[PDB]
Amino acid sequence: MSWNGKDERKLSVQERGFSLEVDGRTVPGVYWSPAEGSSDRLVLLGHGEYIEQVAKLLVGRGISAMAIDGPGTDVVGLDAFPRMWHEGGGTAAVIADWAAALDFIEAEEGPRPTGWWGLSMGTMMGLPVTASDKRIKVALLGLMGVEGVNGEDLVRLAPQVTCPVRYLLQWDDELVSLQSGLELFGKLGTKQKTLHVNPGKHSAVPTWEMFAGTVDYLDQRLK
């Protein structure tokens, strides 16, 4: 667990690389925070570019963001993805890696109210992370269903997600059928869950939904 690295102080958004060694694996990460001076909240960003865009907007609201790379045109739509996921340690390794990353950030920066943001592979990772780590106080999830590569893990752990959730689906998602996505949303344990569905393909979440929408939701709900 150590920093490096690394980026500047002016624009207003600082960026610092870090790296972890967990259960045999080397796990690269990035931390985004305000240039000056302090930030009282944190969001973990799961992905498989839009994550840097979301991180910039969050920092603008006083919210730091952190991302590690996972077992990764969406990566989840590639024929080789299943083997990529299994060779990366699957859901167990993801849980472990994210727990170690958050431990590191809390030691270095102070424990803060923490949320999750992540779609597609970001939900393959985020739904198990939020189920497993009760430091996650709110989650934005989406673009994922029960026929995913770790569908069994998601079905098993969905009932253990007990914090507030906003879930996004795409009506015409060519990678995740609407019914498979509905089924996973249904299995989420929390009563404080809302589902937003928009027309279009997997990559076509409306930008006002992906950006303003998710950022306002986390800003309001993360306390």
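A residue's number is simply how far along the shown sequence it sits, counting from 1.
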With respect to the deposited sequence, is there a break between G72 and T73 in this entry, and if so is it 1 to 3, 4 to 9, or 10 or more residues, or none at all?
10 or more
Per the record, the count of deposited residues between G48 and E49 that have no coordinates is 4 to 9
Mean temperature factor over C-alpha atoms, higher-scoring stretch between 87-95 and 120-128
87-95
I need to verify one thing: averaged over C-alpha atoms only, is the B-factor higher for 56-64 or for 188-196?
56-64
Residue with highest C-alpha B-factor in the PDB entry, from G181, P34, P159, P164
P34
Per the PDB entry, which option out of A80, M144, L140, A100 has the greatest Cα B factor?
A80
What third of its chain, lowest, middle or highest, does the C-alpha temperature factor of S177 fall into?
middle
Position of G148 among the chain's modelled residues by C-alpha B-factor, lowest, middle or highest third:
highest
Sorting the chain's modelled residues by C-alpha B-factor, tell me whether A107 ends up in the lowest, middle or highest third.
middle
Chain thirds of CA B-factor: placement of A204
middle
Place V27 in the lowest, middle or highest third of its chain's C-alpha B-factors, as listed in the PDB entry.
highest
